[PDB]
Amino acid sequence: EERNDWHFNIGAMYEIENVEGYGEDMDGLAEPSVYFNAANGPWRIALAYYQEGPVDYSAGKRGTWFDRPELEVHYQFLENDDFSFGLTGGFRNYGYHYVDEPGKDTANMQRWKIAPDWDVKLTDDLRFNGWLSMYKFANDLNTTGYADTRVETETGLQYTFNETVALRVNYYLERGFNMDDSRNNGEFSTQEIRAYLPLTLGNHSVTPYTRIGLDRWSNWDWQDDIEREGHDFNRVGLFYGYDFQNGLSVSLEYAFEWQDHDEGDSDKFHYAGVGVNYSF
């Protein structure tokens, strides 16, 4: 299962639009995301290629045309459904970053990424997970560094009604922190919610996304009465999963257009998304 069998993993993402409703003056746009993995006992080698920048040009605020690949490694100390201790350390490398050094056009930034893979079972149906996203910025100078130490806790819970369709609930908890002397002023803690429920049907996968939709003060759920019919105003992300058998995983991204801020710059750049993940 997990000792010396070697697990091959490879994925590929792609972002494309509808070539605009009226007109066509854009050929090259967005770039594909490469992914690679290898499971060898308590060491999982993951190599992904990150590159973004079709033919855009800003010059002034920031720059992201160089880009580069990334590295990831997993190390599970103990393997137990009762108390599983894991640790996935990854290395991120970004090109350009910011012009300042009169020597190289692009600069390389170093960032650490650890995730204490914590797994604990409570019952014979519900599962408990815990991922702590830790980001550590590092460079060959660091004028200011912006932040100091990033720490985000994620509590995922996957429970299936009767061994089949399980609902996933991840609770994000990000908080600011600095190594100052005695000047904190008064930071704030941001908590993001995440609702999910990966379902399958023989040879078809469907995992929707949820988080927000309404807002009230006093309200309670019903028992005899149900609000399930299909006449409610909501978005709910749609993630389709095809194949998941032949060896190649085909994913699909769907999401209509809603909400806005700019009167021309648009809120988002893309709506649909195609990505695959072949593992075996």
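Here Swiss-Prot sets the residue numbers for chain A, with the shown residues being 22-301 in order.
The deposited model was determined using solution NMR.
Quick reminder: no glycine exception, Cβ is built from N, Cα and C everywhere.
Residues 51, 53-61, 65, 67, 270, 294-301 of the same chain, all 6+ positions outside the transmembrane segment (27-35), place their C-beta atoms under 8 angstroms from a C-beta of that stretch. Look at Swiss-Prot and you will find 27-35 (among others) tagged as transmembrane segment.
Here Swiss-Prot flags 47-57 (among others) as transmembrane segment, drawing on sequence analysis.
The transmembrane segment feature in Swiss-Prot is assigned to 89-98 (among others).
Marked as transmembrane segment by Swiss-Prot on the basis of sequence analysis: 104-112 (among others). Outside the transmembrane segment (104-112) by six or more residues, the chain places 65, 67, 91-98, 131-141 with a CB less than 8 A from a CB of the stretch.
Among the features that Swiss-Prot reports, transmembrane segment is placed at 129-136 (among others).
Per Swiss-Prot, the feature transmembrane segment maps to 149-158 (among others); the stated evidence is sequence analysis.
Annotation comment: Swiss-Prot describes 172-182 (among others) as transmembrane segment, evidence class sequence analysis. Only residues 6 or more beyond the boundaries of the transmembrane segment (172-182), in the same chain, are considered here, and those with a CB under 8 A from a CB of the stretch are 146-155, 188-196, 198, 219.
Long-range neighbours of the transmembrane segment (201-209) within the same chain, counting only residues 6 or more positions beyond its ends whose Cβ lies under 8 Å from a Cβ of the stretch, are absent. What Swiss-Prot lists as transmembrane segment is 201-209 (among others), and the listing cites sequence analysis.
Taken from Swiss-Prot, the feature transmembrane segment applies to 230-238 (among others), supported by sequence analysis. Among residues of the same chain six or more beyond the transmembrane segment (230-238), those with a C-beta under 8 A of the stretch's C-beta atoms are 213-218, 254-260.
The transmembrane segment annotation in Swiss-Prot covers 240-248 (among others), and the record cites sequence analysis as its basis. Listed as Cβ neighbours of the transmembrane segment (240-248) (distance under 8 Å, sequence separation of 6 or more from its ends, same chain) is no residue at all: none.
Per Swiss-Prot, the feature transmembrane segment maps to 269-279 (among others); the stated evidence is sequence analysis.
Listed by sequence, the residues of this chain that lie at least six past the ends of the transmembrane segment (289-300) yet keep a Cβ under 8 A from its Cβ atoms are 28-38, 51, 54, 56, 58, 268-278. Swiss-Prot lists 289-300 (among others) with the feature transmembrane segment, giving sequence analysis as the kind of evidence.
Residues 30-38, 40-41, 67-76, 90, 291, 296, 298 of the same chain sit 6 or more residues outside the transmembrane segment (47-57) yet have a Cβ under 8 Å from a Cβ within it. Beyond the ends of the transmembrane segment (129-136), by six or more residues, the same chain brings 89, 93, 107-116, 118, 152-161 to within a C-beta distance below 8 angstroms of the stretch.
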